[PDB]
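Trainee: Before we start, here is the structure in question, set down as structure tokens.
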Amino acid sequence: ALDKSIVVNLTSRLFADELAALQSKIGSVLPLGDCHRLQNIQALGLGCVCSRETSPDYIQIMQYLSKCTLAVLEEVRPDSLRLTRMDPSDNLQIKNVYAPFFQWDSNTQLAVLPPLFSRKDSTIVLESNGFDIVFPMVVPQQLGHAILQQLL
Amino acid sequence: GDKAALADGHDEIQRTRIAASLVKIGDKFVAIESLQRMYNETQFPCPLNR
Amino acid sequence: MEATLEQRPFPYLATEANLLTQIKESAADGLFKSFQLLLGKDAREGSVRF
Amino acid sequence: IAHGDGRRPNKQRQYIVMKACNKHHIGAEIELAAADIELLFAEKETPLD
């Protein structure tokens with residue numbers, strides 16, 4: 001019917017440290033750039049719109065996310081990632097990790113929000129490839145509205 | 001003794017016959033290609049024209 | 001009254017000279033009038049009627 | 001070198017170097033138009049067919 005797997009080519013070998021950050025999050029949600037099978041590292045993370053040096057807003061980033069497709073990590077091999085892909089309707093398996101924890105149940109209600117608690121928790125750094133990767137955090141929509149409620 | 005166990009496949013392949021270009025300079029034979037016939041024909045820019 | 005282009009499926013003939021250098025730029029800027037540019041899925045024999 | 005100078009002699013040495021592989025990926029893209037695809041399995045009638 002379909003195959004949904006986005007491999008990521010990687011120009012340099014990873015370190016031993018930056019395996020362990022990616023090893024710590026084996027299952028997560030990052031909005032990559034464009035629909036493909038193969039992809040450069042400068043389109044994976046959210047960091048194309050939220051760099052280090054430029055002041056990000058907290059509106060455009062959220063606004064940026066509705067355009068991007070969304071993906072779930074499978075492996076970390078040292079020269080290649082491996083990401084599975086989300087359709088506009090598909091029954092996948094997600095396994096949440098995200099560190100300011102909130103317990104879920106069946107029949108729950110989720111929003112994918114920008115990292116608004118700790119960027120050092122989110123933005124794991126890649127000194128090898130010189131391009132940081134930002135992870136956004138899924139939030140239950142009781143608080144998925146409530147963060148924007150405080151923000152405005 | 002180490003020689004046959006160093007190139008474990010590369011002793012026994014049938015020897016083929018190739019056309020290309022050569023030159024003798026010093027004592028080292030240098031082959032010369034130019035990958036443009038595979039790269040002009042598609043309008044992907046050739047990576048030798050840096 | 002002038003002979004215009006058409007996409008009828010013809011029994012093509014295999015030539016020998018390449019016609020691949022200086023092309024995808026060229027038809028974009030009119031090397032010759034009355035071209036036709038097809039992309040991807042439309043490299044097929046069209047529907048025939050009479 | 002074994003040599004008799006005022007310098008104290010040196011050591012036998014040994015080096016071991018770590019090397020490994022690099023992965024690469026290649027695409028290719030085929031489109032087949034769905035007006036074409038099925039009529040491999042068509043209804044199979046006419047001498048025009």
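All residue names refer to the structure tokens as shown: chains lettered A, B, ... in order, residues numbered from 1 in each chain, ligands numbered from 1 in order.
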Write out as a PyMOL selection string every residue belonging to chain A that has an atom at most 10 Å from any atom of chain D, counting only C-alpha atoms.
Mentor: chain A and resi 7-13+36-39+77-80
Trainee: Pull the strand (DSSP E) assignments for stretch 2-48 of chain B out of DSSP run on the backbone, and list those residues as a list in words.
Mentor: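 Written out, the strand (DSSP E) residues of stretch 2-48 of chain B are residues 24, 25, 28 and 29 of chain B.
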Trainee: Mind giving me the straight-line distance from atom CA of residue C:41 to atom CA of residue D:36 in Å, one decimal?
Mentor: 9.5 Å
Trainee: Output as a PDB file with N, CA, C and O atoms, in the first residue's frame the set of chain C residues within 12 Å of chain B, with distances taken over only C-alpha atoms.
Mentor:
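Everything below was put into iface_1.pdb:
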```pdb
ATOM      1  N   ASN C  18      24.084  12.196 -30.252  1.00  0.00           N
ATOM      2  CA  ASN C  18      23.392  12.616 -29.052  1.00  0.00           C
ATOM      3  C   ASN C  18      22.760  13.983 -29.257  1.00  0.00           C
ATOM      4  O   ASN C  18      23.232  14.809 -30.039  1.00  0.00           O
ATOM      5  N   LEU C  19      21.647  14.189 -28.587  1.00  0.00           N
ATOM      6  CA  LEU C  19      20.933  15.449 -28.614  1.00  0.00           C
ATOM      7  C   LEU C  19      20.662  15.872 -27.194  1.00  0.00           C
ATOM      8  O   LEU C  19      19.551  16.267 -26.841  1.00  0.00           O
ATOM      9  N   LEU C  20      21.672  15.746 -26.346  1.00  0.00           N
ATOM     10  CA  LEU C  20      21.501  15.902 -24.915  1.00  0.00           C
ATOM     11  C   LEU C  20      22.269  17.065 -24.328  1.00  0.00           C
ATOM     12  O   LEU C  20      21.853  17.597 -23.298  1.00  0.00           O
ATOM     13  N   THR C  21      23.372  17.469 -24.942  1.00  0.00           N
ATOM     14  CA  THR C  21      24.054  18.667 -24.490  1.00  0.00           C
ATOM     15  C   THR C  21      23.210  19.879 -24.824  1.00  0.00           C
ATOM     16  O   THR C  21      22.633  19.957 -25.912  1.00  0.00           O
ATOM     17  N   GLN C  22      23.115  20.796 -23.857  1.00  0.00           N
ATOM     18  CA  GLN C  22      22.537  22.129 -24.032  1.00  0.00           C
ATOM     19  C   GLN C  22      21.056  22.030 -24.432  1.00  0.00           C
ATOM     20  O   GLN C  22      20.640  22.418 -25.526  1.00  0.00           O
ATOM     21  N   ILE C  23      20.261  21.426 -23.544  1.00  0.00           N
ATOM     22  CA  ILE C  23      18.868  21.140 -23.883  1.00  0.00           C
ATOM     23  C   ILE C  23      17.874  21.750 -22.906  1.00  0.00           C
ATOM     24  O   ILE C  23      17.063  22.593 -23.302  1.00  0.00           O
ATOM     25  N   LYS C  24      17.907  21.314 -21.635  1.00  0.00           N
ATOM     26  CA  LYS C  24      16.878  21.719 -20.671  1.00  0.00           C
ATOM     27  C   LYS C  24      16.946  23.202 -20.376  1.00  0.00           C
ATOM     28  O   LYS C  24      15.920  23.817 -20.070  1.00  0.00           O
ATOM     29  N   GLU C  25      18.106  23.807 -20.561  1.00  0.00           N
ATOM     30  CA  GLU C  25      18.136  25.252 -20.633  1.00  0.00           C
ATOM     31  C   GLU C  25      17.553  25.747 -21.953  1.00  0.00           C
ATOM     32  O   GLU C  25      16.850  26.764 -21.975  1.00  0.00           O
ATOM     33  N   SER C  26      17.844  25.055 -23.060  1.00  0.00           N
ATOM     34  CA  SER C  26      17.632  25.638 -24.385  1.00  0.00           C
ATOM     35  C   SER C  26      16.152  25.783 -24.713  1.00  0.00           C
ATOM     36  O   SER C  26      15.702  26.861 -25.119  1.00  0.00           O
TER      37      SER C  26
END
```
Trainee: Please report as a ChimeraX atom specification which residues of chain D come no farther than 12 Å from chain C, using only C-alpha atoms.
Mentor: /D:29-37,48-49
